[PDB]
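If you read the sequences in order, they're chains A and B. Numbering-wise, the first sequence is residues 299 to 338, 350 to 716 according to full-length UniProt numbering. Numbering-wise, the second sequence is residues 299 to 338, 348 to 718 according to full-length UniProt numbering. Written below as structure tokens is the structure these notes are about.
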Amino acid sequence: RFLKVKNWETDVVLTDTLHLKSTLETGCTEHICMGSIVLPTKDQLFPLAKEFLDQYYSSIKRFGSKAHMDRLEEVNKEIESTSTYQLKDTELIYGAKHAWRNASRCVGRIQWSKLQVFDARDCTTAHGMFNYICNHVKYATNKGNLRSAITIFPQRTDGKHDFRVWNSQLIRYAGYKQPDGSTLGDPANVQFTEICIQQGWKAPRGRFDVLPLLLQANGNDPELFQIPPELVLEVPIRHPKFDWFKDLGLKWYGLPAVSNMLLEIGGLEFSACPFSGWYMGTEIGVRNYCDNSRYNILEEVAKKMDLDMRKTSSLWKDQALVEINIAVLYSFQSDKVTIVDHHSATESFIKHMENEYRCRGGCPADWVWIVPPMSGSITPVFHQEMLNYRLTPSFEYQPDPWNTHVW
Amino acid sequence: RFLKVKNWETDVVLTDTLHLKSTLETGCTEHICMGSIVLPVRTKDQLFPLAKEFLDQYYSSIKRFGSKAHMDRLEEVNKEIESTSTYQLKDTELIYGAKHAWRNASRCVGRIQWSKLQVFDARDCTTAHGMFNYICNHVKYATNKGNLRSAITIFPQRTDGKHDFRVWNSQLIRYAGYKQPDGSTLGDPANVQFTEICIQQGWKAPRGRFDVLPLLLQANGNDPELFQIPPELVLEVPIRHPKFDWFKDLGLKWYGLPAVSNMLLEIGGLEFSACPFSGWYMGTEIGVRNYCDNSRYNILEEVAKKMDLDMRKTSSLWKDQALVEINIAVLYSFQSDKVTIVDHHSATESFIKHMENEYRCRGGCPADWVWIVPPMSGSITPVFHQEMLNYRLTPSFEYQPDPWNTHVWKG
Ligand code: HEM
Ligand code: HEM
Ligand SMILES: Cc1cc(N)nc(C[C@H]2CNC[C@H]2OCCNCCc2cccc(F)c2)c1
Ligand SMILES: Cc1cc(N)nc(C[C@H]2CNC[C@H]2OCCNCCc2cccc(F)c2)c1
Ligand SMILES: C[C@H](O)[C@H](O)[C@H]1CNc2nc(N)[nH]c(=O)c2N1
Ligand SMILES: C[C@H](O)[C@H](O)[C@H]1CNc2nc(N)[nH]c(=O)c2N1
Ligand SMILES: [Zn+2]
């Protein structure tokens, strides 16, 4: 019922009680661990609403106060007659901040309480959505001094009137299959790129073409829009010691902004809730640049470093990985664009985890995702036992809209 | 019910049915994943079904399920359980048992090799000196002058839990750790407690950074006694770097034979509490963990110092730069001295081929991602991108409490 987590580098032991709150299911059983799987009515809504308002009023030190009870009845009455309900601004902000706080896969949660929340619940059209997104992008970008933000479109109703951003992130590079059999640009985005092409985008067909936004308001067919190029802060990638690195022609965007997740607060479902912070270096240098199924540049870089690629045991992939990552961090720093290295990020998360254990009685954490994709064991999170469980408010994955949406 | 796992690099999707044979529990529930927690006298009653399951598996694999020899063996085991409270494994069942415990070890990346395991039957052993002799033979056989061979030696099973055979060392070969009065540690800080115990048992400690510990060996529930492994039996590799000539002056070395001696081997309900086993190293175990963990030799600072890296900001990735160089040095040193070692690229590619093979021929391969993914360069190894299902099959190796915590001292 109570559970201990040990850090095997420091011997520091923490006791978790927060897990006894969790309701949603992990995918694991007593018989099987699914820890490494990427994806494992009116009557439904009121317990959900109640459970959320209870944690809200307890957080503002007013649990069981008349103002608490009154709000419970007003929501109960609104559900009974409207089959849904509306969140107060204060509840919206709290819900969003807590969905981030509860994101067990996110290493950057030390920052959870400083999230700028933009309420776009009054939005009605895709042109409206575009305006809100551009304002979000400009606000978060802040000329390189990045700030966390989320923008929240109207909640689901009958599920036939969904707001969706079809893009997976607000800013991403296009992907084309070429006659060659090779891929130009980002292979992750090939399918979405074609969907933009069949919707009518003129594609420049380069390595680093910023995709257009494809915006669905109120269940209607989605619409193309190009983000003013002047709102998209990008960094050219160079190396502090290797002069040849510039000729690889590498660039990345400053703003990571996930736009395909669903935000659930008090049983209400916000299907379009783009949010953004800033990069940890490895996301770009390890995953985007080096995954065999992404830009996959390890082979090209190793060649320029004149390393022995004859045998895997020369650790040439590993040498090139480090240098690719040094260059990402150097480039973002030199251009004054916020970025965090994996040493700094994981050390912060350990500090945050200790805060959450003393202040909240726990911190749900998914070790498979929190440990960086390079140098795992020289980061302190490697040695940290973590407990993974699902709390609400939360961000969840949802089906790609094109599989779903009817034209 | 069939369970699917997907490789996110290749889109290969595999179907697991083997998890259906899984008996033991994971630590996890529908409400909590304990996937990163390091650790989350049997009676006649419980013993017969365990013996029966095991023998059903054995007889299946040799294609004799339901045979008169299968039925006769069940009845003979049954009769022996009721009459004596335990039973004895045939040699063939012991071999099969030991190979399967390795096959089932979900935290082990080296399993492609599971079927080539030299089993030494030491169930006729009775004394600590007998144990020492069996262990020297294992070490010489396994070492094979650098062309390492996988092996396990199996001492007598638990009886009443008062007569246990235990190897008190956690590996057959490991270096002492000495905690100094100024709070520094000389040698391997992981072995401080055990070293203290050796010392108190009368070991005279050289007190260097690389003193090979003595063996502390318990037979038949008796008090353990000290033995020194003959030095000529302990193959060691001095560590140098192919390009950096100052690397050798760090004074590093490591032993070639990794030989886990503190686990419990369970087969058909029987408990083998001393069953040391050994293979060969994957380079990262030494280069990443043993050398670079902050709680271990911790040489990152001193290495990066000698590499003249920028150390005033973590964002120069100086730690990462030094880590790779150390790992290069380890592999180079082993290869140069013709001592078997495997790099993490090669080992993980092998594991993936093993795992796909196992799904096809066996209907699954239990695997613990937290453990299989190497402690450096995770995502450029194909395992990182592999979904895995973790569950407990028997035969199995299990953790057991350190014997100094449980042992009843006789005097
Ligand atoms: C501010 C600096 C931040 C950093 C350094 C950061 C870091 C990360 C990283 C490295 C991941 C792993 C994702 C992957 O590898 O694909 C992640 C996941 C995630 N983060 Fe953050 N984060 C930040 C801000 C935010 C904010 C503002 C939110 C929401 C308000 C958020 C919510 C999430 C969620 C929901 C996931 C899981 C995505 C998934 O399951 O695929 N993060 N975070
Ligand atoms: C042939 C060469 C082998 C290689 C390269 C190899 C590789 C490894 C590695 C890297 C680990 C993780 C250890 C750690 O980081 O703490 C491990 C764990 C393990 N291996 Fe192997 N292995 C080999 C052979 C064997 C053999 C012969 C056995 C026994 C028959 C064995 C059984 C195990 C077990 C039971 C674990 C789990 C240890 C634990 O939970 O602490 N392996 N293997
Ligand atoms: C807000 C924020 C800040 C930050 N630094 N980093 C992030 C994660 C972003 C960026 N870097 C990856 C992306 O993570 C979000 C995408 N999650 C992948 C899960 C997935 C499941 C199934 C199929 C797939 F192809 C992918 C968010
Ligand atoms: C047979 C074989 C071959 C090989 N290459 N590698 C191995 C694992 C060895 C080597 N390198 C580490 C050790 O693994 C065995 C010890 N396992 C640690 C688990 C643990 C539990 C509780 C507390 C702890 F601090 C640690 C075995
Ligand atoms: C199969 C495995 O679960 C998958 O590759 C995961 C592993 N850990 C991860 N960790 C992070 N931060 N991001 C990812 O995309 C993944 N992928
Ligand atoms: C807390 C965490 O599970 C622990 O540090 C584990 C992580 N993965 C590991 N993986 C291997 N192979 N060996 C280890 O010792 C560990 N340590
Ligand atoms: Zn689990």
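The beta carbon of each residue, even a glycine, is placed where N, CA and C say it ideally should be.
Whole-Å CB distance - residue i paired with residue j, under 8 Å assumed
{"i": "A/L424", "j": "A/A458", "result": "7 Å"}
{"i": "A/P689", "j": "A/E665", "result": "Their Cβ separation, rounded to whole angstroms, is 16 Å, which puts A/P689 and A/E665 out of contact at 8 Å."}
{"i": "B/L479", "j": "B/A566", "result": "4 Å"}
{"i": "A/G528", "j": "A/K452", "result": "Actually they are not in contact, since the Cβ atoms of A/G528 and A/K452 sit about 36 Å apart, beyond 8 Å."}
{"i": "A/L540", "j": "A/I606", "result": "No, A/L540 and A/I606 are not in contact; Cβ-Cβ is about 27 Å, not under 8 Å."}
{"i": "A/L533", "j": "A/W510", "result": "6 Å"}
{"i": "A/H651", "j": "A/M589", "result": "6 Å"}
{"i": "A/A581", "j": "A/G417", "result": "Not a contact, Cβ separation roughly 22 Å."}
{"i": "B/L316", "j": "B/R669", "result": "6 Å"}
Interface flag, residue i vs chain B, CB-CB below 8 Å
{"i": "A/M695", "result": "yes"}
{"i": "residue 347 of chain A", "result": "A gap in chain A, from 338 straight to 350, means residue 347 of chain A has no coordinates in the model shown."}
{"i": "A/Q628", "result": "yes"}
{"i": "A/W676", "result": "yes"}
{"i": "A/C505", "result": "no"}
{"i": "A/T324", "result": "yes"}
{"i": "A/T327", "result": "yes"}
{"i": "A/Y698", "result": "yes"}
{"i": "A/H317", "result": "yes"}
{"i": "A/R596", "result": "yes"}
{"i": "A/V631", "result": "yes"}
{"i": "A/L396", "result": "no"}
Cβ shell of residue i (< 6 Å), same chain only, five flanking positions each side left out
{"i": "B/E694", "result": "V303 and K304"}
{"i": "A/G404", "result": "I574 and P702"}
{"i": "A/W306", "result": "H692"}
{"i": "A/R699", "result": "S320 and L322"}
{"i": "A/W475", "result": "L523, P531 and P710"}
{"i": "A/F517", "result": "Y482 and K560"}
CB contact check: residue i to chain A, cutoff 8 Å
{"i": "B/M662", "result": "no"}
{"i": "B/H548", "result": "no"}
{"i": "B/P521", "result": "no"}
{"i": "B/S622", "result": "yes"}
{"i": "B/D650", "result": "yes"}
{"i": "B/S686", "result": "yes"}
{"i": "B/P708", "result": "no"}
{"i": "B/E307", "result": "yes"}
{"i": "B/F534", "result": "no"}
{"i": "B/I419", "result": "no"}
{"i": "B/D615", "result": "no"}
{"i": "B/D600", "result": "yes"}
{"i": "B/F517", "result": "no"}
{"i": "B/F372", "result": "no"}
Same chain, Cβ closer than 7 Å to residue i, five either side skipped, listed in chain order
{"i": "residue 348 of chain A", "result": "Structure remark: chain A lacks residues between 338 and 350, so residue 348 of chain A is without coordinates."}
{"i": "A/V544", "result": "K560, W561, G563, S640, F641, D644 and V646"}
{"i": "B/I506", "result": "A512"}
{"i": "B/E389", "result": "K351"}
Proximal residues to residue i (C-beta, below 8 Å), its chain only, five neighbours per side dropped
{"i": "A/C432", "result": "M438, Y441, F462, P463, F472 and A526"}
{"i": "A/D495", "result": "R481, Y482, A483, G484, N597, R603 and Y604"}
{"i": "A/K626", "result": "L607 and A611"}
{"i": "B/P537", "result": "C443"}
{"i": "B/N697", "result": "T324, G333, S413, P673, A674, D675 and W676"}
{"i": "B/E592", "result": "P565"}
Quiz item: Per the contact definition of three or more C-beta pairs closer than 8 Å, is the region 458 to 468 of chain A in contact with the region 538 to 556 of chain A?
Solution: By the criterion of at least three beta-carbon pairs nearer than 8 Å, the region 538 to 556 of chain A is not in contact with the region 458 to 468 of chain A.
Quiz prompt | At least 3 beta-carbon pairs within less than 8 Å: the region 573 to 589 of chain B vs the region 610 to 626 of chain B | solution = no
Quiz prompt | By C-beta, the residues closer than 5 Å to any heavy atom of ligand 4, given in chain order | solution = B/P565, B/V567, B/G586, B/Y588 and B/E592
Quiz item: Around ligand 5, what residues have a beta-carbon under 6 Å from a heavy atom of it, in chain order?
Solution: Cβ-based neighbours of ligand 5 within the cut-off: A/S334, A/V336, A/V677, A/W678, B/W306, B/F691, B/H692, B/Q693 and B/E694.
Exercise. Evaluate the contact criterion for the region 595 to 613 of chain A versus the region 628 to 636 of chain A: three or more CB pairs, one atom per stretch, below 8 Å.
Key: yes
Quiz item: Are there three or more Cβ pairs, one per stretch, closer than 8 Å when the region 313 to 330 of chain A is compared with the region 317 to 333 of chain B?
Solution: These segments touch.
Quiz item: Three or more beta-carbon pairs under 8 Å between the region 410 to 418 of chain A and the region 489 to 506 of chain A, yes or no?
Solution: no
Quiz prompt | Cβ pair count under 8 Å reaching 3, the region 378 to 385 of chain B against the region 350 to 369 of chain B | solution = yes
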